[PDB]
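First comes the structure, then the notes that go with it.
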Amino acid sequence: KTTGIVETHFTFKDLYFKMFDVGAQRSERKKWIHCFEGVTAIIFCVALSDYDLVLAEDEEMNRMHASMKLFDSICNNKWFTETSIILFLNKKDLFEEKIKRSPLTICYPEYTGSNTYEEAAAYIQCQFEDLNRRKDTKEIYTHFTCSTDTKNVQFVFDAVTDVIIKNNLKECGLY
Amino acid sequence: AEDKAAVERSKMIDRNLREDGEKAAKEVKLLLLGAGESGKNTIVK
Amino acid sequence: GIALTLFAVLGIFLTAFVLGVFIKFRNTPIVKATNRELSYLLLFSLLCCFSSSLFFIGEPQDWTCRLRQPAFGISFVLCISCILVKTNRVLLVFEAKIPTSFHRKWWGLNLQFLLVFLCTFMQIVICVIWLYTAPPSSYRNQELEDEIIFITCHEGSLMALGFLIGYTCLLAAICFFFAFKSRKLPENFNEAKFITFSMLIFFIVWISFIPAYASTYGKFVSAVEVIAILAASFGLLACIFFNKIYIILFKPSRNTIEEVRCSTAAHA
Amino acid sequence: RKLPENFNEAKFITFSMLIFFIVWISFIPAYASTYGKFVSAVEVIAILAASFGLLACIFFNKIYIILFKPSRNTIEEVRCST
Amino acid sequence: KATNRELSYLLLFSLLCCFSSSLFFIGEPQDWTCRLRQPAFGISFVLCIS
Ligand SMILES: CCCCCCCC/C=C\CCCCCCCC(=O)OC[C@@H](COP(=O)(O)OCC[N+](C)(C)C)OC(=O)CCCCCCC/C=C/CCCCCCCC
Ligand SMILES: CCCCCCCC/C=C\CCCCCCCC(=O)O[C@H](COC(=O)CCCCCCC/C=C/CCCCCCCC)COP(=O)(O)OCC[N+](C)(C)C
Ligand SMILES: CC(C)CCC[C@@H](C)[C@H]1CC[C@H]2[C@@H]3CC=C4C[C@@H](O)CC[C@]4(C)[C@H]3CC[C@]12C
Ligand SMILES: N[C@@H](Cc1c[nH]c2ccccc12)C(=O)O
């Protein structure tokens with residue numbers, strides 16, 4: 180019925196999680212971007228299959244470049260200096276299917292090498308993880324989605340636990 | 007009289023405010039970003 | 613006595629050197645993983661413990677027989693309490709996986725010093741009570757050997773001496789249980805293979821010197837006491853510090869944030 | 795010491811030998827100081843301490859895994875081989 | 644059976660001998676006792692360490 184922020188709630192191993200989806204706002208990001216300060220982690224999603232898809236429909240903008248630009252803008256905000264990012268590279272089946280039909284070299288002028296999933300994934304990831312510059316305070320966790328099993332929830336739970344532990348140690352001053 | 011009623015109402019409001027805040031403090035908040043058609047739907051499901 | 617004096621001076625020098633390294637590299641992640649303030653307090657207490665062995669050499673005047681034991685007792689209790697508080701706080705931080713907690717004030721920096729003071733108050737109150745009521749004094753014994761005169765101090769209380777030893781031994785024993793609980797902590801925060809060895813060094817030197825104290829009398833008793841004190845202090849210092857000092861000065865590549873991030877992550 | 799084969803046996807043997815060395819260096823000063831009936835005692839304490847050390851370090855852990863503790867947990871050959 | 648089943652028995656017997664050797668020291672010294680104190684301990688301990 181209502182538009183705007185959508186909230187989903189679930190409990191995993193006695194931890195209560197809250198997730199806010201802000202994709203329906205369609206307004207200036209800066210005005211509402213200072214309201215979300217204080218979150219524990221930021222979940223970020225990227226599709227590998229957009230390398231050879233002109234999703235944007237603009238010749239100048241390729242979906243991968245747009246995703247990289249958005250990730251760069253989000254990661255280096257003044258407010259989110261100390262919030263970690265859980266990066267989810269998604270759709271690894273179709274991407275692996277199309278690599279041999281059209282290699283990864285279309286997106287980047289530099290060669291990925293070998294035209295196969297392991298090498299291609301490494302090049303796309305390294306290129307996404309190098310966008311950050313506050314390496315001292317924030318870190319990125321990367322998981323390739325697995326549909327059948329529950330690796331998706333467990334990875335988020337473990338990442339949140341690690342973030343909480345590292346936050347407490349830093350406050351004590353030990354870390 | 008009126009001061010007593012106001013004080014009692016304030017103390018009832020304050021007690022409810024404290025406990026609810028303590029309960030909220032025990033939750034983890036996550037922000038889900040992503041351009042549309044990036045598979046956000048699959049993670050949510 | 614010259615050898616004992618030289619060894620005490622060397623111990624003081626090495627104690628000062630470790631403190632100088634910690635101050636030069638305070639920012640480094642390895643040094644910051646260990647509690648820096650408690651480290652300084654432990655080093656100062658260790659300097660006091662090493663310097664307290666100089667009261668056992670020379671003519672035993674009355675003003676020395678009262679300060680021979682309590683100085684060492686308080687100095688060693690300070691180190692034990694510092695070690696205990698340093699280990700319990702790391703355990704409290706790691707166990708708190710929960711987002712929120714009531715133990716926020718429990719791990720506060722100021723509370724640590726109060727706990728170290730509470731663990732030495734008992735040793736301070738037995739000493740003051742002992743000195744006020746039945747103080748030690750010097751006496752000359754001509755009975756042992758008809759031809760030679762010896763100068764020694766008589767404590768005047770043997771129950772008071774027993775209580776200090778019992779309290780120190782009790783604290784050393786708890787240092788075993790807290791060392792045992794900490795074996796599963798990650799690297800750069802786990803120290804369980806040194807505390808137990810230091811406590812065992814102390815127990816073996818003192819337990820070994822029981823026969824001599826019960827049988828021998830004369831100048832030898834003081835030499836045995838000095839040797840035991842010096843050996844215990846050296847063992848504690850070495851086990852606690854010389855590993856980290858080596859990693860910091862030699863192999864400096866380890867003192868990097870990436871290493872400590874990789875270390876803490878192994879827990880999850 | 796790094797090798798994890800057989801319940802960390804190398805680590806245990808190394809820890810046991812250090813106790814022996816510590817016990818015996820501490821013996822020399824005690825012996826010279828004692829004269830009379832207690833000269834004999836300084837030998838029994840050393841022997842007992844060393845014997846209690848070696849046996850406990852080498853066997854305590856395996857005995858727990860075998861009896862008076864979980865059985866069929868790490869008892870399997872799989873656990874001994876690794 | 645992963646460990647050697649015979650060296651373990653030999654080591655336990657040697658440790659028993661080492662434990663029992665200390666009993667000879669306690670007691671009024673006699674000619675045969677002092678001749679048998681040291682060698683028993685030495686042999687038993689060497690048997691254990693070996
Ligand atoms: C000359 C006369 C002296 C007479 C006394 C001598 C008696 C003989 C001494 C000892 C027998 C036992 C020796 C104990 C050695 C401990 C071994 C050790 O060091 O292993 C270190 C740590 C574990 O290893 P880790 O952390 O590196 O890896 C673990 C990493 N993970 C968890 C991920 C796998 O093990 C731990 O937790 C440590 C747990 C604490 C050990 C308890 C020992 C208590 C001994 C008390 C002696 C008191 C004397 C009695 C007085 C009576 C006189 C009449
Ligand atoms: C962590 C531990 C810290 C401790 C530091 C360890 C290093 C100390 C180094 C040297 C100590 C001082 C040197 C003492 C000389 C003065 C002695 C004295 O003055 O004896 C005076 C005369 O000589 C002597 O009888 C004999 C000298 C003693 C020889 C020791 C025999 C036992 C041997 C051990 C040797 C095997 C070595 C194997 C290595 C083991 C390592 C794992 C009189 O003395 P007395 O009448 O009062 O009693 C005498 C009581 N009776 C007779 C029972 C001794
Ligand atoms: C009761 C005391 C005085 C004598 C017996 C010593 C026992 C309690 C001590 C000595 C060596 C210790 C072991 C040292 C190493 C390890 C490996 C660790 O991963 C689990 C604990 C464990 C297995 C310890 C258990 C307790 C232990 C066996
Ligand atoms: N003479 C004391 C030596 C001593 C002084 N202070 C101590 C503190 C702890 C243990 C021993 C001591 C003893 O009987 O051993």
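Residue numbers (full-length UniProt numbering), protein chains in the order written: chain A, 180 to 354; chain B, 7 to 51; chain C, 613 to 880; chain D, 795 to 876; chain E, 644 to 693. Cβ coordinates follow ideal geometry from the N, Cα and C atoms, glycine included.
#1: Just the C-alpha distance for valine 740 of chain C and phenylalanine 688 of chain C, rounded to the nearest angstrom, thanks.
#2: Nearest to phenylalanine 668 of chain E by alpha carbon, out of E/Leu650, E/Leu655, E/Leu679?
#3: Just to make sure I have the definition right: I need the residues of chain C whose C-beta is within less than 9 Å of the C-beta of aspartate 341 of chain A. Which are they?
#4: Mind listing the chain B neighbours of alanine 245 of chain A? Cutoff is C-beta to C-beta under 9 Å, in chain order.
#5: In chain E, what lies closer than 7 Å to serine 845 of chain D by C-beta?
#6: Whose beta carbon lies closer than 5 Å to any heavy atom of ligand 3, going through the chain in order?
#7: In terms of residues, what are the limits of the beta strand (DSSP E) holding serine 749 of chain C?
#8: Starting from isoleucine 221 of chain A, follow the beta strand (DSSP E) in both directions and report where the run begins and ends.
#9: Short check: CB of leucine 773 of chain C to CB of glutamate 767 of chain C, under 8 Å?
#10: Which one or two residues does DSSP pair with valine 621 of chain C in a beta bridge?
#11: State yes or no: is the beta carbon of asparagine 802 of chain D nearer than 8 Å to at least one beta carbon in chain E?
#12: From C/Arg752, C/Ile816, C/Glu870, pick the residue whose C-alpha is nearest to that of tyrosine 829 of chain C; which is it?
#13: Do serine 16 of chain B and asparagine 269 of chain A come within 8 Å of each other at the CB atom, strictly closer than that value?
#14: When burial is assigned at 16 or more other CB atoms within 10 Å of the CB, is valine 621 of chain C buried or exposed?
#15: Would you mind reading off the limits of the alpha helix (DSSP H) that contains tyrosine 825 of chain D?
#16: Return the chain-ordered list of same chain residues with a C-beta closer than 7 Å to the C-beta of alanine 844 of chain C, the five sequence neighbours on each side being excluded.
#17: Please state whether DSSP places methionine 198 of chain A in a helix, a strand or coil.
#18: Under the DSSP definition of a beta bridge, which residues are partnered with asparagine 269 of chain A?
#19: How far does the alpha helix (DSSP H) with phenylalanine 656 of chain C in it extend, from its first residue to its last?
#20: Who does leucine 696 of chain C pair with in a DSSP beta bridge?
#21: Could you tell me the alpha carbon to alpha carbon distance between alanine 791 of chain C and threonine 284 of chain A, rounded to whole angstroms?
#22: Can you look up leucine 721 of chain C in the DSSP assignment and give me helix, strand or coil?
#23: Where are the alpha helix (DSSP H) runs, 4 residues long or more, that stay fully inside the stretch 776-856 of chain C, in chain order?
#24: What residue range does the beta strand (DSSP E) around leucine 36 of chain B cover?
#25: Give the interface partners of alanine 31 of chain B over in chain C, defined as CB-CB distance under 9 Å, in chain order.
On the basis of the data shown:
#1: In this structure, the straight-line span from the alpha carbon of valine 740 of chain C to that of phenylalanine 688 of chain C is close to 17 Å.
#2: Nearest of E/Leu650, E/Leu655, E/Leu679 to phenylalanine 668 of chain E, Cα basis: E/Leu679.
#3: What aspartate 341 of chain A touches in chain C: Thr876, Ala877, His879, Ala880.
#4: Contacts between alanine 245 of chain A and chain B, judged by CB atoms closer than 9 Å, involve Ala41 in chain order.
#5: Here the neighbours are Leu658, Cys661, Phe662.
#6: Going by the Cβ distance cut-off, the answer is D/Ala850, D/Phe854, D/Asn855.
#7: Unbroken beta strand (DSSP E) run through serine 749 of chain C: 749-753.
#8: Counting along the chain, the beta strand (DSSP E) containing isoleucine 221 of chain A begins and ends at 220-226.
#9: In contact: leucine 773 of chain C and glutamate 767 of chain C (Cβ atoms closer than 8 Å).
#10: Answer by DSSP bridge pairing: none, since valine 621 of chain C is not bridged.
#11: No, because no Cβ of chain E sits closer than 8 Å to the Cβ of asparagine 802 of chain D.
#12: Ranking C/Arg752, C/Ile816, C/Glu870 by Cα distance to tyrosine 829 of chain C puts C/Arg752 first.
#13: Not closer than 8 Å, so no.
#14: With fewer than 16 other CB atoms across the displayed protein chains lying within 10 angstroms of its CB, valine 621 of chain C is exposed.
#15: That run of the alpha helix (DSSP H) goes 821-827.
#16: So the qualifying residues of the chain are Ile813, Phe814, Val817.
#17: In this structure, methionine 198 of chain A counts as strand in the three-state DSSP scheme.
#18: In DSSP, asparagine 269 of chain A forms a bridge with A/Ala226.
#19: Following the DSSP letters along the chain, one finds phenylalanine 656 of chain C inside the alpha helix (DSSP H) bounded by residues 648-663.
#20: Under DSSP, no beta-bridge partner is assigned to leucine 696 of chain C.
#21: One C-alpha to the other measures close to 56 Å.
#22: Helix at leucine 721 of chain C.
#23: Counting whole runs of 4 or more residues, the stretch 776-856 of chain C contains the alpha helix (DSSP H) stretches 807-820, 822-827.
#24: Per DSSP, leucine 36 of chain B belongs to the beta strand (DSSP E) from 34-38.
#25: Within chain C, the residues placing a beta-carbon under 9 Å from that of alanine 31 of chain B are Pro711, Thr712, ordered along the chain.
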